[PDB]
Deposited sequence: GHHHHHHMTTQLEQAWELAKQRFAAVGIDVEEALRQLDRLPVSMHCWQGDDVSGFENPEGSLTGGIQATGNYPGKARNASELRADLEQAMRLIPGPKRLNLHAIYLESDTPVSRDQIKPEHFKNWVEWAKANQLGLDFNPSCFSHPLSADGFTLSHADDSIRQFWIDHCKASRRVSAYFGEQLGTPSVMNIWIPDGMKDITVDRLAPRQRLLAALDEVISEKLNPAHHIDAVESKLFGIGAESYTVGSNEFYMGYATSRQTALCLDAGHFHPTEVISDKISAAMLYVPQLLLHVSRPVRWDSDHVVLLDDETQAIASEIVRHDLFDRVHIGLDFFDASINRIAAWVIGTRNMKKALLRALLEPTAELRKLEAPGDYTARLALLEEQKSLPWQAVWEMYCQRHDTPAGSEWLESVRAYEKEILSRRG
């Protein structure tokens, strides 16, 4: 009844500022968050203690996390997560190698997203993949990405929802670079080849993702913010914006509204960068809230794909997924509880005083009560009690790995 009592007070409070809490919960059910598989086994693939060591364990881990996160979710898979009794050369992956993932997804009412894996491989050892000067190596990655599109399309055909396939490459140089041009020219041509095969948009979407820098490649990144904004606008692919991939102080929240005027869809990777593209777990913080607000304010339900893109191996992995996913949903909920029309109007009239005042007052409205009921409705713990389940799971299962 505590939870129910708080919910009822909240419902009246929000009603007073024109916000319907029941409607906000329904809208929250329209915003899946795509969970990254790679957090479960430290990006190992199948080619703090307790990491998953195979597909079965990764799925068991995912299910434990899923039970503690309310509402819709998707699973974002990397190519290295294929399941084949025999080894498969990247450039020859096929839908059958992801059949188990597909059946599981169906059983769990999940959509699946995908990504070619252009890293941790003999052919990525020089720090170039798709922009590699060597024609054969370059062809090898082009072929891997072409094959991955087909896997992506298969996901969409089987599951009823298009699979967003994100393209990210580590390509770049550690130190002062003489020719930033040639590798970009090669990248441009290669991607063109990559997306040449027309696939059903109902099942598949191509996205491109930039990075400012990587360890061991901090002086130059072939696929920069500008290179990709140019690519996405000119070839009409989705553009992926990564909250941890930009300059210090640089925010993707601002970029949403500018990019949407030129690209058909956006993929938002949320993560927390700390002193660098550190990939820390998403918190309910200023920038995560700004991203959620931009999504909801512009009614981006059908053109935005929300995903987690962090990696922390210093804490329980299941907890990392839980904490991050719940935070992203809490930020979306708060955005949905905003009296946007009222604020836009005040802003349109130059009432900047009221605008700031009311934005700040929203922070002390009882949104927590609404979140707790959302959890209850999805039979998920409303508060810290979820950690107990993770603890129990660690004791029974993970401790034995």
Deposited-sequence ranges lacking CA coordinates, in order, are 1 to 9, 57 to 71, 426
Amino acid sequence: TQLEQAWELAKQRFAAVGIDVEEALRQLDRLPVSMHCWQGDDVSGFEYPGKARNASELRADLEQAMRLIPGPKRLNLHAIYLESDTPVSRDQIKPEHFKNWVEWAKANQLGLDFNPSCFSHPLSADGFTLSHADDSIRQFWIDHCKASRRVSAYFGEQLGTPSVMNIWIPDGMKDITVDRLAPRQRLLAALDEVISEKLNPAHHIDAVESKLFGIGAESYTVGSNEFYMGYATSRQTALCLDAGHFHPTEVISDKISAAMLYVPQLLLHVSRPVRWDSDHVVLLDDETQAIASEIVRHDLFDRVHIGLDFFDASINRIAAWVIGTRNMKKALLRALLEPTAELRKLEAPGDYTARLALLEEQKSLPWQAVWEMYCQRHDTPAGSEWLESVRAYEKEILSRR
From here on, numbers count along this sequence of modelled residues.
Quick note on 234 to 242 and 215 to 223: per-entry mean CA temperature factor is higher in 215 to 223
When mean C-alpha B-factors in the record are compared for 381 to 389 and 12 to 20, the larger belongs to 12 to 20
Reading the B-factor column for Cα atoms of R303, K329, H132, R317, the highest value belongs to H132
The largest CA temperature factor among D192, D179, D312, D85 is found at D85
Tertile call for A52 (CA temperature factor, within chain, third-based) is the highest
Entry-reported C-alpha B-factor of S44 relative to its chain, by third, is highest
The third of the chain into which the C-alpha temperature factor of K345 falls is the highest
Of the three thirds of Cα B-factor ranks in this chain, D254 occupies the lowest
Here the Cα B-factor of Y228, set against its chain, lands in the third termed middle
